[PDB]
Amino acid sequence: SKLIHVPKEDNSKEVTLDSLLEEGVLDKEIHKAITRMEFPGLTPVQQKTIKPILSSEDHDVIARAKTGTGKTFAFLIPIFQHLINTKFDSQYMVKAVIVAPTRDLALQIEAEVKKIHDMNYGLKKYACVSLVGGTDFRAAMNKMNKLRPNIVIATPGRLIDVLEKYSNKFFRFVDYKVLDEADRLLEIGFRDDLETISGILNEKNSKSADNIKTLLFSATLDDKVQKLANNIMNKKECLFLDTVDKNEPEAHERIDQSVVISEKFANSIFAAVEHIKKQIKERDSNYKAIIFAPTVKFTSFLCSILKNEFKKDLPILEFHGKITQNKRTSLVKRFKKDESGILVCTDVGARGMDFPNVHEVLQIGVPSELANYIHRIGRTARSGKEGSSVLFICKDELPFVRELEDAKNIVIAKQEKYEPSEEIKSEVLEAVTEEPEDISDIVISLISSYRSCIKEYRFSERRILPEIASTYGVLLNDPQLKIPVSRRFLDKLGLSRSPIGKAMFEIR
């Protein structure tokens, strides 16, 4: 398909809700909804995205815009507009399907649709239903039958379940499908699912197999995604709406980035505790921050430490895929409202999630993928607000930082070293309740995690893996100790032959 580029214009023409109203692009009902939100004016992506989406319905849309710049409304406003000027057709059928890589992001997008509804009750006739895992399947279908939504927000897994069973009933008249965080949804582990989704929607469409128009949105994507999505893009042409220069870094420039480099991985923990401590003092507990960790078990562990240290000063929230979905939703809306607190989470919260006025984004270790560094720090400095970010890593993780410059052109100017005092180590380690068996599982989970991204971040396996494993000895206050495992376990890991295995483990 023909991929048409539309680079970031220098000055360009101003676009406004009023202008789109007078121009005939937008109806008064949707115009009334967004105006009441009292935004200063449409964001760059929104100005560059709305009219093209409503344009000649023989083209697809790819849109790149930095984090926190209102990409959600950039495709929700047009969708609503499409629904208005087709209100006398199909009516009780899904006309827009929005897909997100995490449940909480899908539920967030739903909430944003509900905000549009609350600003104009006239738009409530265009109902919306979310379809995500961890929710009652029957209840969602009853909601489907009752509301007969024109908009569906979903995660790939639950959506396929519904489509396999009810495609004929609701999805024979889809006109739009949206891939939010598109690049992620087009990666291995999601790509096959979205191809399954796209195929079913096309096969079931009443007009034609190429009727559906596809919208791709993310803060991180290139031309590679257009190739990765070639099977889900129906139209013959495709617009690339980019509000970012080719050479410009995808990371938000307003974020004050820094990296704290330590000798070991374990004392990135100590550095972060000292940083948070310093931050709570200076800000007088007026501190809202998100700290990312590489692993669920380590996240839960890091959470346990931060409670013992800072629960007296701030709420500490634990957020990952092993948290029950009810609790995930509960803490997400709390941290959205709260003025302060520390959200401790995995990369489940790396993309899309919009928490107003986060002061800082902290990172212990590396993200699950290179791009997610951009999305991680993107949780702060949103909607014009300021923000800072700190990356806590060890010496053996520097290749990730270098790769960050080589690939994404992200240069972290502020760099500093760190060595923990004996007092801090005693303070933190004295406040661990975990048995040696628990510490083992935690470090093992980190070994598995770091082993899987050796190639991505150009890590030296002979160096990084022993360092991660050595965390076990540090936490038990005995650097000489190795992780106790069985011969079968060491074999299951496949390092029975590798010298690195012996350096990490002790066969008991």
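A residue's number is simply how far along the shown sequence it sits, counting from 1. By rigid core we mean the largest C-alpha set that fits within 1.5 Å across both forms.
Colleague: Between 466-474 and 53-61, where do the CA atoms move more in 9 other deposited structures of this protein, taking the root mean square over the structures and residues after a core fit?
Modeller: Comparing 53-61 with 466-474, the one that moves more in 9 other deposited structures of this protein is 53-61.
Colleague: Which is higher on mean Cα B factor in this entry, 99-107 or 121-129?
Modeller: Stretch with the higher mean C-alpha B-factor: 121-129.
Colleague: In the PDB record, does 167-175 or 426-434 carry the higher mean Cα temperature factor?
Modeller: Of 426-434 and 167-175, the stretch with the higher C-alpha B-factor average is 426-434.
Colleague: From the list 305, 221, 331, 154, select the residue with the highest C-alpha B factor recorded in the entry.
Modeller: By C-alpha B-factor in the record, 221 ranks first.
Colleague: So if I compare the CA B-factors in the entry for 386, 339, 192, 203, which one is the largest?
Modeller: Checking the PDB record, the top C-alpha B-factor among 386, 339, 192, 203 is at 386.
Colleague: Going by the recorded CA B-factors, say which third of the chain residue 286 sits in, lowest, middle or highest.
Modeller: Within its chain, residue 286 is a middle-third residue by C-alpha B-factor, going by the deposited values.
Colleague: Would you check the entry's CA temperature factor for residue 323 and let me know if it's in the chain's lowest, middle or highest third?
Modeller: Lowest third - that is where residue 323 ends up once the chain's C-alpha B-factors are sorted.
Colleague: Using the B-factors in the PDB entry, rank residue 75's C-alpha atom against the chain and give the third, lowest, middle or highest.
Modeller: It falls in the middle third of the chain.
Colleague: Looking at the temperature factor on the CA atom of residue 396, which third of the chain's modelled residues does it land in?
Modeller: It falls in the middle third of the chain.
Colleague: Within this chain's modelled residues, let me know which third the CA B factor of residue 197 belongs to: lowest, middle or highest.
Modeller: Ranked within chain, residue 197 CA B lands in the lowest tercile.
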